[PDB]
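Text of the file upload.txt, holding compact mmCIF, C-alpha atoms and all ligand atoms:
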# COMPACT_ATOMS: atom_id res chain seq x y z
CA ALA A 1 254.86 336.00 202.47
CA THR A 2 256.68 333.93 205.07
CA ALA A 3 256.36 330.25 204.15
CA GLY A 4 257.57 330.82 200.61
CA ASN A 5 260.89 332.61 200.85
CA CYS A 6 264.12 330.89 201.85
CA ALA A 7 266.15 333.24 199.68
CA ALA A 8 266.21 336.89 198.68
CA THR A 9 267.90 338.98 196.00
CA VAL A 10 269.25 342.47 196.58
CA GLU A 11 270.30 344.76 193.74
CA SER A 12 273.02 347.35 194.19
CA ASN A 13 274.19 349.87 191.60
CA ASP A 14 276.94 352.47 191.29
CA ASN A 15 274.46 355.20 192.17
CA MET A 16 275.06 354.23 195.80
CA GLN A 17 271.80 352.52 196.72
CA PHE A 18 270.10 349.23 197.58
CA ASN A 19 266.74 348.21 196.10
CA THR A 20 265.59 347.43 199.63
CA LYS A 21 266.30 348.79 203.10
CA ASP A 22 264.39 346.02 204.88
CA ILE A 23 265.04 342.28 204.84
CA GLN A 24 262.74 339.97 206.73
CA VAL A 25 264.13 336.53 207.44
CA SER A 26 261.61 333.78 207.96
CA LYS A 27 262.18 331.49 210.95
CA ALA A 28 260.29 328.91 208.89
CA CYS A 29 263.52 328.46 206.98
CA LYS A 30 266.43 326.30 208.12
CA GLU A 31 268.84 328.53 206.23
CA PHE A 32 268.31 331.79 204.39
CA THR A 33 270.15 332.71 201.20
CA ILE A 34 270.76 336.29 200.13
CA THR A 35 271.99 336.97 196.62
CA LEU A 36 273.48 340.37 195.81
CA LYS A 37 273.51 341.55 192.21
CA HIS A 38 275.54 344.64 191.32
CA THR A 39 273.63 346.05 188.37
CA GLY A 40 276.10 348.68 187.24
CA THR A 41 279.19 349.30 185.14
CA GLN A 42 281.76 350.14 187.81
CA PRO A 43 284.45 347.62 188.85
CA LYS A 44 284.79 346.36 192.43
CA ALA A 45 287.88 348.47 193.12
CA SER A 46 286.10 351.68 192.13
CA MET A 47 282.55 350.96 193.27
CA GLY A 48 282.38 347.59 194.94
CA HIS A 49 279.52 346.41 197.10
CA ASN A 50 278.95 343.67 199.63
CA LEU A 51 276.14 342.72 201.99
CA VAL A 52 277.09 341.97 205.58
CA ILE A 53 274.57 340.93 208.22
CA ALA A 54 275.52 341.47 211.82
CA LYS A 55 274.10 342.30 215.22
CA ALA A 56 273.40 346.05 215.30
CA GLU A 57 274.91 346.42 218.76
CA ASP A 58 278.14 345.02 217.31
CA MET A 59 277.77 346.62 213.88
CA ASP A 60 280.44 349.20 214.67
CA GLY A 61 283.00 346.49 215.32
CA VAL A 62 281.93 344.82 212.11
CA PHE A 63 282.63 347.91 209.98
CA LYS A 64 285.83 348.56 211.92
CA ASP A 65 287.16 345.04 211.42
CA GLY A 66 285.96 345.12 207.83
CA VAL A 67 288.15 348.10 206.97
CA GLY A 68 291.16 346.24 208.33
CA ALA A 69 290.33 343.35 206.02
CA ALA A 70 290.82 345.27 202.79
CA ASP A 71 292.53 342.30 201.14
CA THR A 72 289.53 340.10 201.83
CA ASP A 73 286.77 342.17 200.21
CA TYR A 74 286.39 344.18 203.44
CA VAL A 75 285.08 341.09 205.19
CA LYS A 76 287.08 339.42 207.93
CA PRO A 77 287.13 335.58 208.05
CA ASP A 78 285.67 335.22 211.54
CA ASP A 79 281.86 335.12 211.46
CA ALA A 80 281.36 335.53 215.20
CA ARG A 81 279.87 339.02 215.45
CA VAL A 82 279.08 338.74 211.77
CA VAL A 83 276.31 336.33 210.80
CA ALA A 84 276.89 336.40 207.05
CA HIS A 85 278.86 338.31 204.43
CA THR A 86 279.17 338.43 200.66
CA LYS A 87 282.28 339.35 198.67
CA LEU A 88 282.92 342.57 196.76
CA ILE A 89 281.24 342.49 193.39
CA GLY A 90 281.73 344.74 190.39
CA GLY A 91 279.39 345.69 187.58
CA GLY A 92 277.71 342.49 186.49
CA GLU A 93 279.03 340.22 189.21
CA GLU A 94 277.02 338.66 192.02
CA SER A 95 277.65 337.16 195.44
CA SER A 96 275.56 335.25 197.96
CA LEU A 97 275.47 334.20 201.60
CA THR A 98 273.64 331.73 203.81
CA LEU A 99 272.69 332.50 207.38
CA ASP A 100 270.97 330.71 210.25
CA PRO A 101 267.65 332.52 210.96
CA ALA A 102 267.51 331.13 214.50
CA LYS A 103 270.71 333.03 215.28
CA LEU A 104 268.98 336.33 214.54
CA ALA A 105 266.96 335.98 217.73
CA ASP A 106 269.75 337.65 219.71
CA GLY A 107 268.35 341.07 218.94
CA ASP A 108 268.36 343.68 216.20
CA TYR A 109 270.36 342.83 213.12
CA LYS A 110 271.39 345.10 210.27
CA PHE A 111 272.69 344.57 206.77
CA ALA A 112 275.20 346.92 205.19
CA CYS A 113 277.99 347.42 202.70
CA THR A 114 281.31 347.41 204.57
CA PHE A 115 283.05 349.33 201.79
CA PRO A 116 284.63 352.46 203.38
CA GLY A 117 282.38 355.40 202.55
CA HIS A 118 279.39 353.23 201.66
CA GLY A 119 278.14 352.02 205.06
CA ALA A 120 276.97 355.50 206.07
CA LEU A 121 274.15 355.20 203.55
CA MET A 122 274.21 351.58 202.37
CA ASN A 123 272.66 349.92 205.39
CA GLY A 124 269.23 348.82 206.50
CA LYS A 125 267.28 346.52 208.79
CA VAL A 126 267.20 342.73 208.80
CA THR A 127 264.68 341.14 211.12
CA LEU A 128 263.73 337.60 212.09
CA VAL A 129 260.01 337.12 211.51
CA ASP A 130 257.40 334.40 211.90
CU CU B 201 279.07 349.39 198.56

Have the structure of the file written as structure tokens, please.
Ligand SMILES: [Cu+]
Amino acid sequence: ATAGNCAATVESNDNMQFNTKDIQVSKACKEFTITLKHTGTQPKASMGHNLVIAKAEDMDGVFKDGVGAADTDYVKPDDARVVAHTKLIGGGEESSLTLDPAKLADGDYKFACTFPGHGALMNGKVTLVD
């Protein structure tokens, strides 16, 4: 499936997991939407999740700058090394982002939760595909 997916939905729970560790972005899409749904009962301050997509080579700086942006859902208003980012969502809440697929051609991109203590496990691969 490539010509029938301009959006994706990721489910995160308070058991510390994503329902997918691989996201394939179609270059057939002008923009790609990713919707995150936190299917749990824990509030964002106790077990919050976000989905940040950035260049893997720069992913370290993304997490680092994310921790410094605690007031802004652990996402820093910048979007230079970061391609897209959701907000922190609690049990029942959802957040979404829109990214330019053609910007993922720079190399290997990853998606992860920039919540301190989560990124070590809550991360995967996001690849631009045809
Ligand atoms: Cu998280």

Go through chain A residue by residue and, counting only C-alpha atoms and all ligand atoms, keep those with an atom at most 6 Å from ligand CU 201 (chain B); for each kept residue give the shortest atom pair and its distance in Å to one decimal, ordered by chain and increasing number, as CSV.
residue,atom,partner,partner_atom,distance
A:48,CA,B:CU201,CU,5.2
A:49,CA,B:CU201,CU,3.3
A:50,CA,B:CU201,CU,5.8
A:113,CA,B:CU201,CU,4.7
A:115,CA,B:CU201,CU,5.1
A:118,CA,B:CU201,CU,4.9

Legend entry - Which of A:29, A:82, A:99, A:51 sits closest to residue A:64 [using only C-alpha atoms]: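 Checking each candidate against residue A:64, we get A:82 as the closest.
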
Legend entry - Ref. answer, residues at most 10 Å from (287.0, 336.5, 211.8) with only C-alpha atoms, as a ChimeraX atom specification: /A:62,65-66,69,75-82

Inset, instruction - May I ask which of the residues A:88, A:9, A:46, A:53 is the closest one to residue A:112, counting all atoms listed in the file? - result: A:53

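The shortest atom-to-atom distance to residue A:130, with only C-alpha atoms taken into account, belongs to A:25 out of A:25, A:70, A:84, A:104.
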
Legend entry - Nearby residues, (262.5, 328.1, 197.8) file frame, 10 Å, only C-alpha atoms, as a PyMOL selection string: chain A and resi 3-8+29+32-33

Legend entry - Interatomic distance (Å, one decimal) between atom CA of residue A:127 and atom CA of residue A:21: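 So the answer is 11.2 Å.
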
Legend entry - For atom CA of residue A:57 and atom CA of residue A:2, the interatomic separation in Å (one decimal):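 Distance between the two atoms: 26.0 Å.
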